[PDB]
Amino acid sequence: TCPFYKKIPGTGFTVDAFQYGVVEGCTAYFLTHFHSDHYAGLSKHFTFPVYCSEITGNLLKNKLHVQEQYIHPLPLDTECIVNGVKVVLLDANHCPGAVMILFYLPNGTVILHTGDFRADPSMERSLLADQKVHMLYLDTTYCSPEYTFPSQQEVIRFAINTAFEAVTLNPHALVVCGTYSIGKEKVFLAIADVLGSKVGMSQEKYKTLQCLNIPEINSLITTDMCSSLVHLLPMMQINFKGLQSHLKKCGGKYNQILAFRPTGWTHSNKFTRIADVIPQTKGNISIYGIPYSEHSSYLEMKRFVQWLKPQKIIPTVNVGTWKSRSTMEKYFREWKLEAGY
Ligand code: NI
């Protein structure tokens, strides 16, 4: 059944709750972002109102074929009324079109639902600075102190310098980048930019990217593989067998692959710095795992929550085990006692 952490009390609203059939007493289904664990269950047959960002609304229409009459896009940073309740959508610093949602309940309670987010100090100067938030529905993906990772900026610098050096040393090297969802577009766009190439990809993935309102996108991507030296492939194909195979397909235009796998966290983060990352190499193929995260580190999550000072925290991630639930609740109490709220 729909879990309680997907329901907004004092409303008929649900968040990211499309796989339970008709949720009894739901008058509006919000969708925070276009990732499959969140939209799971949506299709052209859905006939309830969906509230989301403009970009998520483009993807619902073009990729899932949801009918336009049920898609209700809202602008960001704007007070809007939905079924008699004031809401605001805020940028979540996750993937394109990802939002956090502020609900102002008739009884005076204010609730923030982060969806998936990467906390940032810039959020401390949004519409959130303007009033008290009583309840926080929190993306707790990396809620443990082992989870450190570099800034997105540091990671992109590493990737750009690595690719540029490799291709300048060997003009017949191909760069390949993996993907299995929207998000992390900076990785392949930054590398293609330094190399003066467009990124080449399948027709399905090109269609997906043309929904994202990225400025000058027609100048940056293409379905012509032969004219491009940065290819995108399914994350599943980013391994020695899949890459050798791919190389055969390019008809001796290339004699070396340098490949990037943008992971979330991996245990080499507890020891190694970004400056010291090395690839896995077999023959003329090398694969770099780079820690490009679109979720908060433990320290970023802690700073956000200690700034916000919520009265109650409801985790939305890692809720399935008693040991995870108990560990998270211990950190929430530490944070509250350290900061004095
Ligand atoms: Ni997500």
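Numbers here are sequence positions counted from 1. These numbers come from the heavy atoms of this one structure, side chains and all, not from hydrogens, waters or symmetry mates.
Taking CD of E329 as the reference point, atom CZ of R325 lies at 7.0 Å (rounded to 0.5 Å). In this structure, the separation between CG on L308 and NZ on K132 is 9.0 Å, given to the nearest 0.5 Å. Taken to the nearest 0.5 Å, the CZ atom of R261 stands 12.0 Å off from the SG atom of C177. With rounding to the nearest 0.5 angstrom, the CD1 atom of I111 is 7.5 Å from the CD1 atom of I314. Taking CG from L232 and CE from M235, the interatomic distance works out to 10.0 Å, rounded to the nearest 0.5 Å. The structure places CG of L209 at 12.0 Å from CG of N213, a figure rounded to the nearest 0.5 Å.
Side-chain contact between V88 and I101 is absent, with no heavy atoms from C-beta onward closer than 4.5 Å. Side-chain contact check for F271 versus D276: every heavy-atom pair is 4.5 Å or farther apart. Residues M301 and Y147 fail the side-chain proximity criterion, which asks for heavy atoms closer than 4.5 Å. Put simply, the side chain of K7 reaches to within 4.5 Å of the side chain of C2, judged on heavy atoms. Using a 4.5 Å cut-off on side-chain heavy atoms (C-beta onward), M123 and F117 make contact. Counting only heavy atoms from C-beta outward, the side chains of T321 and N318 never approach each other to under 4.5 Å. For the pair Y20 and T14, the minimum side-chain heavy-atom distance is 4.5 Å or more. Inter-residue side-chain proximity for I8 and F30 is flagged as unmet; no heavy-atom pair is nearer than 4.5 Å.
Checked for salt-bridge contact, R303 and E124 meet the test: a charged N lies under 4.0 Å from a carboxylate O.
Linking ILVMFWY side-chain heavy atoms closer than 4.5 Å, directly or via other members, places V277 and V155 in a single hydrophobic cluster. Note on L337: it does not cluster hydrophobically with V305, by side-chain heavy-atom contacts below 4.5 Å among ILVMFWY residues. By the rule that hydrophobic residues join a cluster once side-chain heavy atoms approach within less than 4.5 Å of another member, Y254 and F240 end up as members of one cluster.
Of the possible polar contacts, none joining the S286 side chain to the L258 backbone as a donor-acceptor pair under 3.5 Å is found. Distance alone, capped at 3.5 Å, is enough to place a donor-acceptor pair between the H134 side chain and the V110 backbone. At distances below 3.5 Å, not a single donor-acceptor pair connects side-chain atoms of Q19 with backbone N or O atoms of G41. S197 places a side-chain N or O within donor-acceptor distance of the main-chain N or O of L229, the cut-off being under 3.5 Å. A donor-acceptor pair under 3.5 Å is formed between the side chain of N239 and the backbone N or O of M236. Panel note: side chain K207, backbone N62; a donor-acceptor pair is recorded below 3.5 Å. Distance alone, capped at 3.5 Å, is enough to place a donor-acceptor pair between the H94 side chain and the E294 backbone. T316 places a side-chain N or O within 3.5 Å of a backbone atom of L138 that can act as its donor or acceptor partner. A donor-acceptor contact shorter than 3.5 Å links the side chain of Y142 to the backbone of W265. A donor-acceptor contact shorter than 3.5 Å is absent between the side chain of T32 and the backbone of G115.
For residues 109-123, the set of pairs meeting the salt bridge (charged side-chain N to carboxylate O under 4.0 Å, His left out) definition, not counting sequence neighbours, comprises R118-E300.
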Derivation and outcome, side chain to side chain contact (heavy atoms under 4.5 Å, CB included), residues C250 and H231:
CA-CA 11 Å; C250 295; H231 301 171; 4.1 Å; yes
Step-by-step side chain to side chain contact (heavy atoms under 4.5 Å, CB included) determination, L64 to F46
CA-CA 10 Å; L64 298 186; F46 203 76; over 6 Å; no
CA sep, side-chain torsions, deciding dist, call: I217, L212, side chain to side chain contact (heavy atoms under 4.5 Å, CB included):
CA-CA 9 Å; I217 195 55; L212 307 183; over 6 Å; no
Kindly determine whether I221 and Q210 satisfy side chain to side chain contact (heavy atoms under 4.5 Å, CB included), including the steps that lead there.
CA-CA 9 Å; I221 58 172; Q210 284 287 171; 4.1 Å; yes
Taking it one step at a time, do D224 and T222 satisfy side chain to side chain donor-acceptor pair (under 3.5 Å)?
CA-CA 5 Å; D224 187 1; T222 181; 5.4 Å; no
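Relative ring orientation between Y288 and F260 is described as parallel, the plane-to-plane angle staying below 30° on a 0-90° scale split at 30° and 60°. By the 30° and 60° cut-offs, the orientation of the rings of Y39 relative to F34 is parallel. Ring planes of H33 and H35: perpendicular class, angle over 60° (limits at 30 and 60°).
Heavy atoms from other residues, nucleotides or ligands lying under 6.0 Å from NZ of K330 number more than 12. Sparse packing is recorded around CD1 of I278, with 12 or fewer heavy atoms of other residues, nucleotides or ligands lying under 6.0 Å away.
Heavy atoms only, all atoms of each residue included: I238 and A259 are closest at CG2-CB, 4.2 Å. The shortest non-hydrogen separation linking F304 to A119 is CB-CB, 3.7 Å. Summarising the geometry of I290 relative to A159, their closest heavy-atom pair is CD1-CB, 4.4 Å, with the distance given to 0.1 Å. In terms of heavy-atom proximity, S219 sits nearest to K198 at O-CE, 3.2 Å. The shortest non-hydrogen separation linking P310 to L136 is CB-CB, 4.0 Å. Closest approach of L31 and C52 over heavy atoms only: O-CB, 3.6 Å.
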Return a table of donor-acceptor pairs under 3.5 angstrom between the side chains of residues 54-61 and protein atoms on other chains or two or more places apart.
unit_1	atom_1	unit_2	atom_2	d
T56	OG1	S53	OG	3.1
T56	OG1	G97	O	3.3
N58	ND2	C211	O	3.0

Under 3.5 Å, sequence neighbours excluded: what are the donor-acceptor pairs made by side chains of residues 179-190?
unit_1	atom_1	unit_2	atom_2	d
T179	OG1	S181	O	3.0
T179	OG1	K205	NZ	3.1
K184	NZ	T263	O	3.4
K184	NZ	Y292	O	3.0
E185	OE1	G183	N	3.3
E185	OE2	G183	N	2.9

Which side-chain N or O atoms in residues 68-81 pair as donor and acceptor under 3.5 Å with protein atoms at least two apart or in another chain?
unit_1	atom_1	unit_2	atom_2	d
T78	OG1	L76	O	2.9
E79	OE2	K86	NZ	3.3

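Between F103 and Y137, the ring center distance fails the sub-6.0 Å criterion. Taking the six-membered ring wherever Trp is involved, the centroid distance between the rings of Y298 and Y331 falls below 6.0 Å.
Judged by distance alone, the side chains of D139 and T141 do bring a donor and an acceptor atom under 3.5 Å apart. Under the 3.5 Å distance criterion, with hydrogens and angles disregarded, no donor-acceptor pair is assigned to the side chains of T148 and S297.
For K6, there are no salt bridge (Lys or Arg N to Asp or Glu O under 4.0 Å) partners, not counting sequence neighbours. In this structure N161 satisfies the side chain to side chain contact (heavy atoms under 4.5 Å, CB included) test together with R157, sequence neighbours excluded.
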